[PDB]
Every structure is written in C-alpha cells, then in structure tokens.
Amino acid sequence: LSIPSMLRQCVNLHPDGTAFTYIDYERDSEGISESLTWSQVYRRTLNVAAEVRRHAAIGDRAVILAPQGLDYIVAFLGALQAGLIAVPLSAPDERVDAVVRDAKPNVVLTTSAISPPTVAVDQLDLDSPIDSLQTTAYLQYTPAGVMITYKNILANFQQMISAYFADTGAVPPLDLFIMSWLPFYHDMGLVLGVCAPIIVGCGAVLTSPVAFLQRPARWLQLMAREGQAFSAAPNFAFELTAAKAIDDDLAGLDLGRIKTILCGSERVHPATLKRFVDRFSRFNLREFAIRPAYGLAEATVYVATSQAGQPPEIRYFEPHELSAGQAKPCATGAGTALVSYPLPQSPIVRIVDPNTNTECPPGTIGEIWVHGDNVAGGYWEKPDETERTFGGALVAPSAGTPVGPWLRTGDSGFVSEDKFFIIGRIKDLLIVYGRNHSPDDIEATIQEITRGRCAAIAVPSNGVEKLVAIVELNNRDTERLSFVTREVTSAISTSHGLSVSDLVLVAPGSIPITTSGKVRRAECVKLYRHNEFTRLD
C-alpha cells in the first residue's frame, strides 16, 4: 500500500539483507563504501520520523535539502513515515527558495555540512535503538510541484515491471540489484534510487552524479558488481561513457550480467546507442539490455519502453515530410532515424491535435497525450495550471479511447504501424516557413562536426524565428575557427535546409547543463538575448 508499509515488510522478510550501499568518491579517488541492511534503514527512518514529529504534523510538507548519500534517503523515508508530504530538492539559490515558499514546509531536513525549523539529520543519533499517509507521498518539482500519490507510484511500478520484465513473466531475476548515479532530486533518480529498492525488494548501489562526471567509467564498474544490474541514464551520458572511458579501468570487466540500462529523460539518438554497444560489446554487453524509455514527472516517471527481449528497433522517415507534419517511412539508412516505441498497454498514448482536441490519423504529427492511473492529479495549490496540463478532453474519441482525463505532455510525436515516436518538446521547436525543425536533429549535425556540446535555439525577430546555435569548442588560431564555422554552417544548410543566423563559438562549459547533463535550451535563449556569451572571436 504505502512506501513505509513496504519498507516495514522488507524488514520482516529480510532483516539483515543489504538495502542501500553508497559509494563516496569525494575523499578517496576509488571510493569509500558503506551499506545498510533493511533493519538499519528502518531504524534510521524511524529515528528521523521521531525528530520530525516534534516540528510538524500529518499533512505538513518537509523539504529535503541534503547532498546525495544515505542521509538523503533516511530524510525522505523518515518524512513519509511521519505522514508528511516529502519535497525532494537539491542542496545549495533563488529557485530553491521559490519552491520553499510555494510548498510552505513546516520542517527542513538538512546536513551539518550545509522561519521553518531546520534539522541536521547527520547530527542525529540515527542508530539509536527504539503515522504515514495513504494518498499523497511527495511533491516533484513559477515552480510547479507534481502531486505523487502512493497509488500513482504503485501503478507505475506495476506498468514498469510488466514492460521491463515481460520476457520473464513480469518477475525480475533473484539476482537483481539497482545501480544509479542519478541525483535523488530528479524524476528518474528518486524513483530508481530511493523507492524502487523498497517497492521491488532488491538492494541498490548508489553514488553521486559529480562522481560519474569526474570519471564516467565508475558507472560501468559499479554495474558489473555481483548480480544483474538495473540502471538508467540520459542519452548523452551514454555518449560521455563511450568517449571518456579507458579500457584500463574496464580491465577484466564482465558486462553480460547487466539486466537493463534505461536510456531516457531526453531524446534517444541511434548514433549514441551504436557507439555505446560497439565500444562496450568487447566486455560482453548485451544489446537487448539497452531499453529506450519515455516518461514525464507528470506521469510519475514511466510511459513507454522498448520490447523486452529485443534490442532497440529503429525506424526511418523522410525528413522533408517530417517538418511538413507527416511521417513517411523510408528505406533503412535514408532520412531521419527515430527509436520506435511500442504503443504501451498501460498507460495508453494518443497523438492529439493541440488546437482541436481531436486525435491525429496515423502518420500525422500532433501532441502526445497520456491516460492512466500513473498520471498525477495536478500541481500543488495551482488549480489553473493543473487544468491546462491535466484536463485534456478528447473530442469525438476513437473506439476504445477514453474521453479524459488526458495528460498533455508538451511533446511532439506520431504513430506509425502501432509504434509511436517522440520528435521533441513542442516549445523547443524551430518553426521556419511553416516547417517544424527539432533542435535534437540540428545539434546532432553539429555534435558530429565538433564532438562537443551544442544548443540550437530559436530567437524571435520582427515576426519570425531565427536559428541560433551555441557551440562549445575546445579552447587550447583565427583560422581553423573559420574552417569550423564554415563547416557547421554548411552542414546545417545541407542537412536541414536552414540558415544559421548566428554561430556563437564559446569555451567548454559555457552552455547551461543539469547535474545529470540535459542541455538547457531555455536559459540559453536569454543568455543570448542578454549578450551573456563570450565568443572565441
């Protein structure tokens, strides 16, 4: 029923079984380990709940402001245990205090090392020998916090276990262990790192994303520990590992026991997936272990994924018609490549015209709408924004299609042969002469000339959008730069039929990224308009 009730059931069945293991690469370059059994985590969870009962009541919000690590886990788990609506955030910012005022928490859960009462859970006697809600568990973040219920989580996990383990009858192997470096304050990292261990019943090997960025090879190492690994990562993280990994760190590594590596949170590029398998197949990586996965925070986390026992399937479509709005399949190798996503059984996906609230015919591109019990009930204390995002109603629905409520994802997609495809985020698209061009395709054209980071943004000017590209380039003459500017400009002209209004050659690190690495094409637009970039001239 509730995460607290399942944790308590993990303690009954397997008191001394390992639950959470955190590898800390901060002091030692090769990492220091520490593990808790189900008994130890429950005990810390109970102790955090006691200190929280002293400051807040059932229904109050508890903001979690801690670095990655075991203390984050018992802070989050201690909140739900005391019947508080947890609020996972990142440790220090103005957009952190925007949440705090939107959520109005009655307690803050912090660490020594970093009006409402604040608790330092590290300084609490967490190993000292010795209620929950049943609807709203936590908010996932004008800032808008998604309301996630235990019914939301459980339903999504049931949809997940069924799709991810369809070839083994929705039963994961006895060997399974979760491995994640994803941050706990993000959709994927929190459900995979903190919740899945308890709901699934396996242990977790966890670390920080700054440790992965330092040395992306630790990801492969930790996955290859005893058992079958279940992990996840954004697309570019697959790139970063295929690039900056040394066969010396991978000395005598077995990757054949890996069970699932999810690729999600951003567009999945076939080019990136081929590099990953072509490079780590040497160490026995099974390619059907790579599972494209689509989702939103508004759906708890999961919407669709690739078939269980097969490697990712790739489809090909004519690029010219794609911009026109039409998906016309073409021969293998020709046109744009897109990862096929089988239309999910649960939740269900439909492609809808955002202007007429009516479904699109197959091959026609519209907005992705989602329906299912994993879809959240709305945004915390935001009635109007909840109506816009969650109040989707289908006009004259097709046979077998509910009329509502539908979650409007803001993503472009289409169906082709009972498979559906994700083009990209609508507001991030570039419209030029009625055609739609996606930044993921543009940057893929640049990212293969420069092999650095990019961002293809749309700057409005006197009634039209103009293509601007921020191109990170290595800093270590005034020619050579011309060869690159001229190279990329022509590569965008011939591959996309677009003119580059401005190419900003910046130093490495200039483009805004996340902690896991998603390029922030949103800020870039105003950093450009406010002339915040320094060019290599």
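We number the residues from 1 along the sequence you see.
Visitor: With respect to the deposited sequence, is there a break between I130 and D131 in this entry, and if so is it 1 to 3, 4 to 9, or 10 or more residues, or none at all?
Guide: Going from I130 to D131, the model skips 4 to 9 residues of the deposited sequence.
Visitor: Count, per the entry, the deposited residues between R476 and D477 that are not modelled, and return the matching class: none, 1 to 3, 4 to 9, or 10 or more.
Guide: 1 to 3 residues are missing.
Visitor: Going by the B-factors listed in the PDB entry, is the mean over the C-alpha atoms higher for 519 to 527 or for 17 to 25?
Guide: Of 17 to 25 and 519 to 527, the stretch with the higher C-alpha B-factor average is 519 to 527.
Visitor: Read off the CA B-factors in the entry, average them over 495 to 503 and over 480 to 488, and name the higher stretch.
Guide: Averaged over C-alpha atoms, the B-factors run higher in 480 to 488.
Visitor: Which one, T168, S306, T409, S112, has the peak C-alpha temperature factor per the PDB entry?
Guide: So the option with the highest C-alpha B-factor is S112.
Visitor: Tell me which of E367, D97, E266, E313 tops the list for C-alpha B factor in the record.
Guide: Checking the PDB record, the top C-alpha B-factor among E367, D97, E266, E313 is at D97.
Visitor: Relative to the other modelled residues of the same chain, rank the CA B-factor of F414 and answer lowest, middle or highest third.
Guide: For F414, the deposited C-alpha B-factor lands in the lowest third.
Visitor: If you rank the chain by CA B-factor, which third does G400 end up in: lowest, middle or highest?
Guide: Highest third.
Visitor: Hey, what third does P439 fall into on Cα B-factor, ranked over its chain?
Guide: As the PDB entry reports it, the C-alpha B-factor of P439 lands in the middle third of its chain.
Visitor: Lowest, middle or highest third: which one holds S33 when the chain's residues are ordered by CA B-factor from the entry?
Guide: Tercile = middle for this residue's CA B-factor.
Visitor: Can you work out whether the C-alpha temperature factor of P460 puts it in the lowest, middle or highest third of the chain?
Guide: Middle third - that is where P460 ends up once the chain's C-alpha B-factors are sorted.
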